[PDB]
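One structure below.
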Amino acid sequence: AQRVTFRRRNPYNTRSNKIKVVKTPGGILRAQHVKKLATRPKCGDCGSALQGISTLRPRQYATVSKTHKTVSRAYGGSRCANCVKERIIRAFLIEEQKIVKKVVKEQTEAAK
Amino acid sequence: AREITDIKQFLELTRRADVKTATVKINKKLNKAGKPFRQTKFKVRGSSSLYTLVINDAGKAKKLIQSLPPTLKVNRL
Amino acid sequence: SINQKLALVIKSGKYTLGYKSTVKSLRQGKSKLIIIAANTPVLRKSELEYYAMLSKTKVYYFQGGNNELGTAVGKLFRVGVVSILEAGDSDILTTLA
Amino acid sequence: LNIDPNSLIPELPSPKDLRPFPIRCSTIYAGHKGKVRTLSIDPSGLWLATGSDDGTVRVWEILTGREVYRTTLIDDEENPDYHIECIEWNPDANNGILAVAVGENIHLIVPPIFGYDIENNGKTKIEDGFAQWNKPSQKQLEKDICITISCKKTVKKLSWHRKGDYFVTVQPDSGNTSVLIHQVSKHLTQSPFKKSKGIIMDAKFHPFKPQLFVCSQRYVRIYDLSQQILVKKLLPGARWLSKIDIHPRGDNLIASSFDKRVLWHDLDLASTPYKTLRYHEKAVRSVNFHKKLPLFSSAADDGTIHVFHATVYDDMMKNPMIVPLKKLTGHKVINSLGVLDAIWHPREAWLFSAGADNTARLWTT
Amino acid sequence: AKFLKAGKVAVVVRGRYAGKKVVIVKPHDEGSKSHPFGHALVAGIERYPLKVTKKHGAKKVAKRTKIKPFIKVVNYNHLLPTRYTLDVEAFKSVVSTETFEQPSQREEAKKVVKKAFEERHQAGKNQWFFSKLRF
RNA sequence: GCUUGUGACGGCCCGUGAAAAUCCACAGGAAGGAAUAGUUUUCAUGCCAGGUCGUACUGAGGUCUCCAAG
RNA sequence: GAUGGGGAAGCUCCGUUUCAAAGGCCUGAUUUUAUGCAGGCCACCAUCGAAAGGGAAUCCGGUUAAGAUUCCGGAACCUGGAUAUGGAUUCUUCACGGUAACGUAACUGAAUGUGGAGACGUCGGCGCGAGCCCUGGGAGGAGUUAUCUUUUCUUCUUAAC
């Protein structure tokens, strides 16, 4: 039934000042300051937690290898695979609508 | 602190020449539910972190203490 | 009415439902007439229109959502695209619809 | 670096003082219409079993090369969907049980070669037990099949225990249950692990102490079965791993690789390979230890087998020496495909090869 | 009409080669015991041949025209079929079901494929296939 | 059960919900990379270093705040 | 709240991007009447303002007359910087598997364009976890007892990483 104090100088219950009451090897309870939790990286096109990317503190990405920060596709570490799929489809058909419009344009010029 | 469940790995660490001392820890433990036995723990202060070696066997322990470099300071318990 | 024209075929002739199966049918060239709902995704709509342009298939845009196409075929679920592999006792091919 | 090239080759003992080792071929096995994908030798040392994509399991001798036996599994052979992949003799002393993996099912054939004592010992071991295990039908009774274990996906590899009670089977694209431990004595199909790390290529039991080495595409994972956990994890320097083999004393390990590597893992030294050697021209298809003598082979896809001498020092803390011996050649390449398998003779320094040339070969000292 | 054919250009949508253009060498309309789904056997090119100007000479030109290919069994569900077409006759007997699942038959597949694509890029034809799909 | 932490939901709004330092990622395709150590180290192991100021105690009609047994 | 400007006899006030020449980077065989520097890229604005907002990383045990997340023993982590070795980069030039969601010991990526974290209102019930509380068995100690009571109390712990 041990009561527990803050360890750092901030006496307030802020976002940064969270507390875990941990039992120490001295047989007594003491507070542990909880590190602010890491979030999932998100789809820039989708708005969804993209798979296969490590979830770390922003600064913590500098230490880890590139195979924990990127999946193997094009737009790998920034998009969804669904949002990549959708823009492969989109860029293809837009590029082919350009061809059809040139065919119609060349035909109308020959008509005049 | 890091577990190495790997015999020659420990012996590679002992001959680093940046290592001053070693320690052999002896424990009293029991298997499954039946019988008590004796566990050894081969620990070296590595270059950065402490590496440890649980050997549940007593004969492999008997061989390993013998196999250590004689110039190295060995600590019981 | 189109509902009368379709429900006859679904109880009489060979058909298919959904995107993947219609595209498989277009690859086989065994599709005769495709039916596209209004609320279908623009990328999938353009992909079906282009695939039908390749296979040389007549294209019919169904006026109304996929719910109304499920109702038209007489099924509880929703369907984005319906094909006609085999035309039934109706003259659906030679008609405007 | 002003130096001679000669002082870059490591000081290795000359192969002449490490005899015996096989030099030339003696027994050419000409009988197949399809490529000999797999081999197996009996523990006693006469009955050499083969398998091909002509749907025909043939059993040969070692000294003559005469076809003593034939069984045909698939009837529409050239239908490319499923072929005979891996065959294994029972390591148990004098019972004569042959496993055959053809596509989605494993057929345990006990042949009419032997007689009554050894044969009915094998037969009673099969019928004692009474993926599913089926009673063989009339057509299956003709093909000498004692039991068929049918699965959903294609079996590609097989390996027994030291006893002959358990046999492990590996199916790629089976997902979770890609490694299965079967037992004949109870007809029990156990899936020993609740997950599988990606795609698995191989799995082989340790010689004596109870642990299984599941060999994935990228990893070799040492799994204890008395604790049902993971123990060690090998990181091969290579990327894609064809075949594994364990030293008969259970100290060391070799990995073959589709990306041309062959890696000597010491299970006492590190998690990395002790010695990476990358000499082959094509994919290293099969690497196997000899059981008695300190020797191992390496059969790649270039129609070339390289034989190695490997001393292992048990008591002393001294790293194992590996020296090359001879480049065995002569195998024919059939559409970018060399030697599909290699297996040593149990007691002497002879080696059984199997190429794409529809022909197995025996090498001699 | 079964448009998904032996000389048909496609755009890969999924997995490591997403965005990369391919050609279906041999379709499989109703799958196999391995791959129990309507798939296709493709041979596309990963590292695109980079642009070459009059300033580049003798060694850079050799570097730019170098193409790196890839072979993969791919599902129809991850393929975007294209209106375009490509000649395929040089490497139809090179890639099959036996070609896949057992290297180094994939290696000698990749060499014939590498040759065919480099020999077709040089003597400038089929330029749309060797341009980068911008997305 | 009390304290606290976290997850998926459901309400309450036209009330649509601080900023910046810092860190990571994607698209892009410039440039570079071999025959007595080619190019690349987001892989593993190894080396060195981290200044100034506050830091005692009290803090109980009469400033703020945390922990809370049966 | 300076600077540019504009007021004010003036002490100084207005104003915060304004009609300011507000600067910091790249390209090059050395720049063709012979050794005098040319071309391009970007377009907002100093600064102060939080010991309760955002923020890299430290715990346990021990130690004094009075100091502790600071000292000691042990065990850690973060950040920055040189560099050294092994591994990889495959027959030589930026790796592959999986239908796919994705997986991996790595697996170069300039200008420029973009995305995520930072990064966010309030309540309600429900799920799960940790601590506290209640309790059964057992291994020790203190107590009360004429009576009843296998009784009452206490110890049985596990930090960062």
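Scheme for the structure tokens: letters A, B, ... for chains in order shown; per-chain residue numbers from 1; ligand numbers from 1 in order shown.
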
(message) Using DSSP assignments from the backbone, pull out every residue in chain B that falls under strand (DSSP E or B) and give it to me as a PyMOL selection string.
(response) chain B and resi 2-3+21-30+36-45+50-55+73-76

(message) Quick check: residues of chain A within 8 Å of chain C, only C-alpha atoms, returned as a ChimeraX atom specification.
(response) /A:86,89-90,93

(message) I'd like the contact shell of stretch 59-61 of chain E - 12 Å cut-off, only C-alpha atoms (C1' of nucleotides), skipping same-chain residues fewer than 6 positions apart - returned as a PyMOL selection string.
(response) (chain E and resi 49-53+122) or (chain F and resi 32)

Got time to write the residues from that selection, N, CA and C atoms (P, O5', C5', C4', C3', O3' and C1' of nucleotides), as a PDB file, in the first residue's frame?
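As written to disk, selection.pdb reads:
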ATOM      1  N   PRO E  49      15.360   0.774 -69.104  1.00  0.00           N
ATOM      2  CA  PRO E  49      16.476   1.393 -69.821  1.00  0.00           C
ATOM      3  C   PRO E  49      16.389   2.916 -69.755  1.00  0.00           C
ATOM      4  N   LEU E  50      17.414   3.520 -69.157  1.00  0.00           N
ATOM      5  CA  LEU E  50      17.454   4.953 -68.893  1.00  0.00           C
ATOM      6  C   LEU E  50      17.717   5.738 -70.182  1.00  0.00           C
ATOM      7  N   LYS E  51      17.392   7.033 -70.156  1.00  0.00           N
ATOM      8  CA  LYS E  51      17.507   7.922 -71.312  1.00  0.00           C
ATOM      9  C   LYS E  51      18.964   8.097 -71.761  1.00  0.00           C
ATOM     10  N   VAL E  52      19.147   8.301 -73.065  1.00  0.00           N
ATOM     11  CA  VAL E  52      20.474   8.481 -73.661  1.00  0.00           C
ATOM     12  C   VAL E  52      20.506   9.671 -74.634  1.00  0.00           C
ATOM     13  N   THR E  53      21.393  10.624 -74.348  1.00  0.00           N
ATOM     14  CA  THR E  53      21.595  11.810 -75.191  1.00  0.00           C
ATOM     15  C   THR E  53      22.890  11.704 -76.016  1.00  0.00           C
ATOM     16  N   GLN E 122      17.262  -1.871 -78.339  1.00  0.00           N
ATOM     17  CA  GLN E 122      18.178  -1.486 -79.408  1.00  0.00           C
ATOM     18  C   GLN E 122      17.484  -1.781 -80.737  1.00  0.00           C
TER      19      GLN E 122
ATOM     20  P     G F  32      28.652  10.713 -63.290  1.00  0.00           P
ATOM     21  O5'   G F  32      29.096   9.626 -62.211  1.00  0.00           O
ATOM     22  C5'   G F  32      29.977   9.976 -61.124  1.00  0.00           C
ATOM     23  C4'   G F  32      29.891   8.954 -60.015  1.00  0.00           C
ATOM     24  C3'   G F  32      30.218   7.524 -60.404  1.00  0.00           C
ATOM     25  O3'   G F  32      31.625   7.323 -60.453  1.00  0.00           O
ATOM     26  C1'   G F  32      28.246   7.556 -59.097  1.00  0.00           C
TER      27        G F  32
END

(message) Quick check for you: according to DSSP on this backbone, which residues of chain A are classed as helix (DSSP H, G or I)? Reply as a PyMOL selection string.
(response) chain A and resi 58-62+66-68+82-111

Atoms kept (N, CA, C and O atoms) for selection, written as a compact mmCIF listing (two decimals), in the first residue's frame:
# COMPACT_ATOMS: atom_id res chain seq x y z
N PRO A 58 9.56 9.47 -33.76
CA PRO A 58 10.10 10.11 -34.97
C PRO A 58 11.63 10.07 -35.08
O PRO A 58 12.15 9.75 -36.15
N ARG A 59 12.32 10.37 -33.98
CA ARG A 59 13.78 10.42 -33.94
C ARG A 59 14.38 9.01 -34.01
O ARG A 59 15.51 8.82 -34.48
N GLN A 60 13.60 8.02 -33.56
CA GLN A 60 14.01 6.62 -33.44
C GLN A 60 14.13 5.89 -34.79
O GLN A 60 14.68 4.79 -34.85
N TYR A 61 13.61 6.50 -35.85
CA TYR A 61 13.71 5.95 -37.21
C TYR A 61 15.11 6.06 -37.81
O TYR A 61 15.43 5.35 -38.76
N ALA A 62 15.92 6.96 -37.26
CA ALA A 62 17.29 7.19 -37.71
C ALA A 62 18.24 6.02 -37.43
O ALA A 62 19.20 5.80 -38.17
N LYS A 66 16.76 0.25 -43.30
CA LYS A 66 15.77 0.64 -44.31
C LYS A 66 14.68 -0.41 -44.57
O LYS A 66 13.60 -0.08 -45.09
N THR A 67 14.95 -1.66 -44.19
CA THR A 67 14.00 -2.77 -44.34
C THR A 67 12.91 -2.79 -43.26
O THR A 67 12.00 -3.63 -43.29
N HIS A 68 13.01 -1.87 -42.29
CA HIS A 68 11.98 -1.67 -41.28
C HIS A 68 11.20 -0.36 -41.51
O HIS A 68 10.30 -0.03 -40.74
N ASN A 82 -3.20 -0.68 -51.93
CA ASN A 82 -4.53 -0.49 -52.49
C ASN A 82 -4.53 0.88 -53.18
O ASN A 82 -5.03 1.01 -54.30
N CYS A 83 -3.96 1.87 -52.51
CA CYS A 83 -3.79 3.22 -53.04
C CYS A 83 -2.70 3.31 -54.11
O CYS A 83 -2.68 4.27 -54.90
N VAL A 84 -1.80 2.33 -54.13
CA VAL A 84 -0.81 2.17 -55.21
C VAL A 84 -1.48 1.50 -56.41
O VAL A 84 -1.34 1.97 -57.55
N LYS A 85 -2.22 0.42 -56.14
CA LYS A 85 -3.06 -0.27 -57.13
C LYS A 85 -3.95 0.72 -57.87
O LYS A 85 -3.92 0.78 -59.10
N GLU A 86 -4.71 1.51 -57.10
CA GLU A 86 -5.63 2.51 -57.64
C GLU A 86 -4.98 3.57 -58.53
O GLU A 86 -5.61 4.02 -59.49
N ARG A 87 -3.74 3.96 -58.23
CA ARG A 87 -3.03 4.94 -59.06
C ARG A 87 -2.26 4.34 -60.25
O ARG A 87 -1.91 5.06 -61.17
N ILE A 88 -2.02 3.02 -60.21
CA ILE A 88 -1.51 2.29 -61.38
C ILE A 88 -2.63 2.21 -62.43
O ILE A 88 -2.41 2.53 -63.60
N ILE A 89 -3.82 1.79 -61.99
CA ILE A 89 -5.03 1.75 -62.80
C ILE A 89 -5.33 3.15 -63.38
O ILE A 89 -5.50 3.29 -64.60
N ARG A 90 -5.34 4.16 -62.51
CA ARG A 90 -5.69 5.54 -62.88
C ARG A 90 -4.73 6.16 -63.89
O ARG A 90 -5.17 6.73 -64.89
N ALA A 91 -3.43 6.04 -63.63
CA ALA A 91 -2.40 6.61 -64.51
C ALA A 91 -2.33 5.92 -65.86
O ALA A 91 -1.98 6.55 -66.86
N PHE A 92 -2.66 4.63 -65.89
CA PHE A 92 -2.76 3.87 -67.14
C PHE A 92 -3.89 4.39 -68.02
O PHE A 92 -3.66 4.75 -69.18
N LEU A 93 -5.11 4.44 -67.46
CA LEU A 93 -6.30 4.79 -68.23
C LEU A 93 -6.36 6.26 -68.63
O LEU A 93 -6.88 6.57 -69.71
N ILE A 94 -5.84 7.14 -67.78
CA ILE A 94 -5.67 8.57 -68.12
C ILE A 94 -4.71 8.73 -69.31
O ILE A 94 -4.99 9.48 -70.25
N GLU A 95 -3.60 7.98 -69.26
CA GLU A 95 -2.60 7.96 -70.34
C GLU A 95 -3.16 7.42 -71.67
O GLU A 95 -2.68 7.81 -72.74
N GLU A 96 -4.17 6.56 -71.59
CA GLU A 96 -4.83 6.00 -72.78
C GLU A 96 -6.01 6.85 -73.28
O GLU A 96 -6.36 6.78 -74.46
N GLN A 97 -6.61 7.63 -72.38
CA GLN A 97 -7.62 8.63 -72.74
C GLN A 97 -7.00 9.75 -73.58
O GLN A 97 -7.67 10.32 -74.44
N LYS A 98 -5.73 10.05 -73.30
CA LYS A 98 -4.91 10.98 -74.08
C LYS A 98 -4.76 10.53 -75.55
O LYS A 98 -4.85 11.35 -76.46
N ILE A 99 -4.55 9.22 -75.75
CA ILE A 99 -4.40 8.61 -77.08
C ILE A 99 -5.71 8.74 -77.88
O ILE A 99 -5.69 9.18 -79.04
N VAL A 100 -6.82 8.36 -77.25
CA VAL A 100 -8.16 8.38 -77.86
C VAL A 100 -8.56 9.82 -78.26
O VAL A 100 -9.12 10.03 -79.34
N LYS A 101 -8.23 10.78 -77.40
CA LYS A 101 -8.46 12.21 -77.67
C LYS A 101 -7.62 12.75 -78.83
O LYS A 101 -8.09 13.62 -79.56
N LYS A 102 -6.41 12.22 -79.00
CA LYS A 102 -5.56 12.53 -80.15
C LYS A 102 -6.10 11.92 -81.46
O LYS A 102 -5.97 12.53 -82.52
N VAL A 103 -6.71 10.74 -81.35
CA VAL A 103 -7.34 10.04 -82.48
C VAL A 103 -8.57 10.82 -82.98
O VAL A 103 -8.74 10.99 -84.20
N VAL A 104 -9.40 11.29 -82.05
CA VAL A 104 -10.58 12.11 -82.35
C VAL A 104 -10.17 13.49 -82.91
O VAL A 104 -10.77 13.97 -83.88
N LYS A 105 -9.14 14.09 -82.31
CA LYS A 105 -8.63 15.41 -82.74
C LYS A 105 -8.04 15.38 -84.15
O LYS A 105 -8.27 16.32 -84.93
N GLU A 106 -7.32 14.31 -84.48
CA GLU A 106 -6.69 14.14 -85.79
C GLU A 106 -7.72 13.85 -86.89
O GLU A 106 -7.51 14.18 -88.06
N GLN A 107 -8.83 13.22 -86.49
CA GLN A 107 -9.93 12.87 -87.38
C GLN A 107 -10.78 14.10 -87.74
O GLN A 107 -11.20 14.25 -88.89
N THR A 108 -11.02 14.96 -86.74
CA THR A 108 -11.80 16.19 -86.90
C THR A 108 -11.06 17.23 -87.76
O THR A 108 -11.69 17.97 -88.53
N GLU A 109 -9.73 17.28 -87.62
CA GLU A 109 -8.87 18.15 -88.43
C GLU A 109 -8.85 17.74 -89.91
O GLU A 109 -8.81 18.60 -90.79
N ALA A 110 -8.87 16.43 -90.15
CA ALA A 110 -8.97 15.86 -91.50
C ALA A 110 -10.35 16.10 -92.13
O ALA A 110 -10.47 16.21 -93.36
N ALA A 111 -11.38 16.19 -91.28
CA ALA A 111 -12.75 16.51 -91.70
C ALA A 111 -12.90 17.97 -92.15
O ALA A 111 -13.75 18.28 -92.99

(message) Residues of chain D within 12 Å of chain G, counting only C-alpha atoms (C1' of nucleotides) - could you list those as a PyMOL selection string?
(response) chain D and resi 172-175+196-201+216-219+234-241+258-261+271-276+278-282

Take the residues just selected and output them with N, CA, C and O atoms as a compact mmCIF listing (two decimals), in the first residue's frame.
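This is the output file again-v1.txt:
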# COMPACT_ATOMS: atom_id res chain seq x y z
N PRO D 172 5.10 -26.72 -49.50
CA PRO D 172 5.02 -25.29 -49.82
C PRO D 172 3.61 -24.87 -50.20
O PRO D 172 2.84 -25.68 -50.75
N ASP D 173 3.27 -23.61 -49.90
CA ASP D 173 1.93 -23.01 -50.10
C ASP D 173 0.81 -23.64 -49.24
O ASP D 173 -0.38 -23.47 -49.54
N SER D 174 1.19 -24.35 -48.18
CA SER D 174 0.24 -24.88 -47.19
C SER D 174 -0.01 -23.90 -46.04
O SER D 174 -0.86 -24.15 -45.18
N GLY D 175 0.73 -22.80 -46.05
CA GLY D 175 0.61 -21.75 -45.04
C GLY D 175 1.11 -22.19 -43.68
O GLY D 175 2.30 -22.46 -43.51
N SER D 196 4.06 -20.50 -39.06
CA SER D 196 5.23 -20.76 -39.90
C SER D 196 5.74 -19.46 -40.53
O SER D 196 4.97 -18.74 -41.18
N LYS D 197 7.02 -19.18 -40.34
CA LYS D 197 7.66 -17.98 -40.88
C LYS D 197 7.86 -18.09 -42.40
O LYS D 197 8.88 -18.60 -42.88
N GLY D 198 6.86 -17.60 -43.14
CA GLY D 198 6.91 -17.54 -44.60
C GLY D 198 6.87 -18.89 -45.28
O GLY D 198 6.02 -19.73 -44.97
N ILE D 199 7.81 -19.09 -46.20
CA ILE D 199 7.87 -20.28 -47.06
C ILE D 199 8.98 -21.22 -46.58
O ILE D 199 10.13 -20.79 -46.38
N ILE D 200 8.63 -22.49 -46.39
CA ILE D 200 9.55 -23.51 -45.90
C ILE D 200 9.97 -24.44 -47.04
O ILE D 200 9.12 -24.94 -47.79
N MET D 201 11.28 -24.66 -47.16
CA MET D 201 11.86 -25.49 -48.22
C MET D 201 12.26 -26.90 -47.76
O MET D 201 12.17 -27.85 -48.54
N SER D 216 13.57 -22.96 -43.56
CA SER D 216 12.79 -22.06 -44.40
C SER D 216 13.58 -21.66 -45.66
O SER D 216 14.64 -22.22 -45.95
N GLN D 217 13.04 -20.70 -46.41
CA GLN D 217 13.73 -20.10 -47.54
C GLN D 217 14.95 -19.30 -47.11
O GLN D 217 15.99 -19.34 -47.78
N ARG D 218 14.82 -18.61 -45.98
CA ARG D 218 15.82 -17.66 -45.51
C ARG D 218 16.54 -18.13 -44.23
O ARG D 218 17.65 -17.68 -43.95
N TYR D 219 15.92 -19.05 -43.50
CA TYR D 219 16.40 -19.45 -42.16
C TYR D 219 16.57 -20.95 -41.96
O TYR D 219 16.05 -21.76 -42.73
N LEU D 234 19.53 -19.98 -37.16
CA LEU D 234 20.65 -19.80 -38.07
C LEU D 234 20.34 -18.73 -39.10
O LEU D 234 19.26 -18.73 -39.71
N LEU D 235 21.28 -17.81 -39.26
CA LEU D 235 21.26 -16.83 -40.34
C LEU D 235 22.32 -17.21 -41.37
O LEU D 235 23.51 -16.94 -41.17
N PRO D 236 21.90 -17.89 -42.46
CA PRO D 236 22.80 -18.15 -43.58
C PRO D 236 23.09 -16.87 -44.34
O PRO D 236 22.19 -16.03 -44.50
N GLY D 237 24.34 -16.71 -44.79
CA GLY D 237 24.77 -15.56 -45.58
C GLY D 237 24.06 -15.45 -46.92
O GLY D 237 23.94 -14.36 -47.49
N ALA D 238 23.57 -16.60 -47.40
CA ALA D 238 22.78 -16.69 -48.62
C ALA D 238 21.35 -16.19 -48.42
O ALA D 238 20.93 -15.89 -47.30
N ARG D 239 20.62 -16.12 -49.53
CA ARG D 239 19.23 -15.70 -49.52
C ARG D 239 18.26 -16.88 -49.59
O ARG D 239 17.37 -16.99 -48.75
N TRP D 240 18.45 -17.78 -50.56
CA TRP D 240 17.47 -18.86 -50.83
C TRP D 240 18.04 -20.25 -50.70
O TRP D 240 18.97 -20.62 -51.41
N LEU D 241 17.44 -21.02 -49.80
CA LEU D 241 18.03 -22.22 -49.24
C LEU D 241 17.35 -23.48 -49.77
O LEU D 241 16.17 -23.71 -49.52
N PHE D 258 20.10 -21.80 -53.55
CA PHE D 258 19.72 -21.53 -54.94
C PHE D 258 20.47 -20.34 -55.54
O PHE D 258 20.58 -20.23 -56.76
N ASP D 259 20.99 -19.47 -54.67
CA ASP D 259 21.84 -18.35 -55.09
C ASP D 259 23.34 -18.67 -54.98
O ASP D 259 24.16 -17.80 -54.65
N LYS D 260 23.68 -19.93 -55.28
CA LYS D 260 25.06 -20.43 -55.52
C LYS D 260 25.95 -20.67 -54.29
O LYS D 260 27.06 -21.20 -54.42
N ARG D 261 25.47 -20.30 -53.10
CA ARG D 261 26.23 -20.49 -51.86
C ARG D 261 26.14 -21.91 -51.32
O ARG D 261 25.18 -22.63 -51.58
N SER D 271 25.90 -17.63 -35.04
CA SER D 271 24.65 -17.70 -35.81
C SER D 271 24.90 -17.47 -37.30
O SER D 271 24.08 -17.84 -38.14
N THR D 272 26.04 -16.85 -37.60
CA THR D 272 26.52 -16.65 -38.97
C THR D 272 27.20 -17.94 -39.47
O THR D 272 27.50 -18.82 -38.66
N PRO D 273 27.42 -18.07 -40.81
CA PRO D 273 28.23 -19.21 -41.27
C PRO D 273 29.69 -19.08 -40.84
O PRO D 273 30.25 -17.97 -40.89
N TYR D 274 30.27 -20.19 -40.40
CA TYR D 274 31.69 -20.25 -40.05
C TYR D 274 32.57 -20.02 -41.28
O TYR D 274 33.55 -19.28 -41.21
N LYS D 275 32.20 -20.67 -42.38
CA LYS D 275 32.85 -20.48 -43.67
C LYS D 275 31.84 -20.44 -44.81
O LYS D 275 31.10 -21.40 -45.05
N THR D 276 31.80 -19.29 -45.48
CA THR D 276 31.02 -19.09 -46.70
C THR D 276 31.91 -19.44 -47.88
O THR D 276 32.99 -18.86 -48.06
N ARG D 278 31.56 -19.90 -52.14
CA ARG D 278 30.70 -19.53 -53.26
C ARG D 278 31.45 -19.79 -54.57
O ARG D 278 31.99 -18.87 -55.19
N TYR D 279 31.47 -21.06 -54.97
CA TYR D 279 32.28 -21.52 -56.10
C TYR D 279 31.47 -22.01 -57.30
O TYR D 279 31.92 -21.87 -58.44
N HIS D 280 30.29 -22.57 -57.02
CA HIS D 280 29.43 -23.17 -58.05
C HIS D 280 28.98 -22.17 -59.12
O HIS D 280 28.93 -20.96 -58.89
N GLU D 281 28.66 -22.71 -60.30
CA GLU D 281 28.24 -21.90 -61.45
C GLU D 281 26.73 -21.66 -61.46
O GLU D 281 26.28 -20.59 -61.89
N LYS D 282 25.97 -22.65 -61.00
CA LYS D 282 24.51 -22.56 -60.92
C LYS D 282 24.00 -22.90 -59.50
O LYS D 282 24.81 -23.06 -58.58

(message) I'd like the interatomic distance between atom CA of residue D:186 and atom CA of residue D:88, to a tenth of an Å.
(response)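 Atom CA of residue D:88 lies 19.9 Å from atom CA of residue D:186.
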
(message) I'd like the contact shell of residue G:116 - 8 Å cut-off, only C-alpha atoms (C1' of nucleotides), skipping same-chain residues fewer than 2 positions apart - returned as an NGL selection string.
(response) (:A and (41-44)) or (:F and (24-25))

Rows by chain and residue number, chain G within 9 Å of chain A, shortest pair, only C-alpha atoms (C1' of nucleotides), as JSON lines:
{"residue": "G:51", "atom": "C1'", "partner": "A:10", "partner_atom": "CA", "distance": 7.6}
{"residue": "G:52", "atom": "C1'", "partner": "A:12", "partner_atom": "CA", "distance": 5.5}
{"residue": "G:53", "atom": "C1'", "partner": "A:14", "partner_atom": "CA", "distance": 8.5}
{"residue": "G:55", "atom": "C1'", "partner": "A:16", "partner_atom": "CA", "distance": 8.9}
{"residue": "G:56", "atom": "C1'", "partner": "A:59", "partner_atom": "CA", "distance": 7.3}
{"residue": "G:59", "atom": "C1'", "partner": "A:24", "partner_atom": "CA", "distance": 8.9}
{"residue": "G:60", "atom": "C1'", "partner": "A:25", "partner_atom": "CA", "distance": 5.9}
{"residue": "G:61", "atom": "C1'", "partner": "A:26", "partner_atom": "CA", "distance": 6.0}
{"residue": "G:69", "atom": "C1'", "partner": "A:7", "partner_atom": "CA", "distance": 6.6}
{"residue": "G:101", "atom": "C1'", "partner": "A:51", "partner_atom": "CA", "distance": 8.4}
{"residue": "G:102", "atom": "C1'", "partner": "A:52", "partner_atom": "CA", "distance": 6.8}
{"residue": "G:103", "atom": "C1'", "partner": "A:52", "partner_atom": "CA", "distance": 8.0}
{"residue": "G:104", "atom": "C1'", "partner": "A:67", "partner_atom": "CA", "distance": 7.2}
{"residue": "G:106", "atom": "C1'", "partner": "A:67", "partner_atom": "CA", "distance": 8.0}
{"residue": "G:107", "atom": "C1'", "partner": "A:67", "partner_atom": "CA", "distance": 8.6}
{"residue": "G:114", "atom": "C1'", "partner": "A:44", "partner_atom": "CA", "distance": 8.3}
{"residue": "G:115", "atom": "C1'", "partner": "A:44", "partner_atom": "CA", "distance": 4.3}
{"residue": "G:116", "atom": "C1'", "partner": "A:41", "partner_atom": "CA", "distance": 5.2}
{"residue": "G:117", "atom": "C1'", "partner": "A:58", "partner_atom": "CA", "distance": 6.0}
{"residue": "G:118", "atom": "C1'", "partner": "A:58", "partner_atom": "CA", "distance": 7.8}
{"residue": "G:130", "atom": "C1'", "partner": "A:21", "partner_atom": "CA", "distance": 8.1}
{"residue": "G:131", "atom": "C1'", "partner": "A:21", "partner_atom": "CA", "distance": 6.6}
{"residue": "G:132", "atom": "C1'", "partner": "A:1", "partner_atom": "CA", "distance": 6.3}
{"residue": "G:157", "atom": "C1'", "partner": "A:27", "partner_atom": "CA", "distance": 4.4}
{"residue": "G:158", "atom": "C1'", "partner": "A:25", "partner_atom": "CA", "distance": 4.7}
{"residue": "G:159", "atom": "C1'", "partner": "A:24", "partner_atom": "CA", "distance": 4.3}
{"residue": "G:160", "atom": "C1'", "partner": "A:32", "partner_atom": "CA", "distance": 8.7}
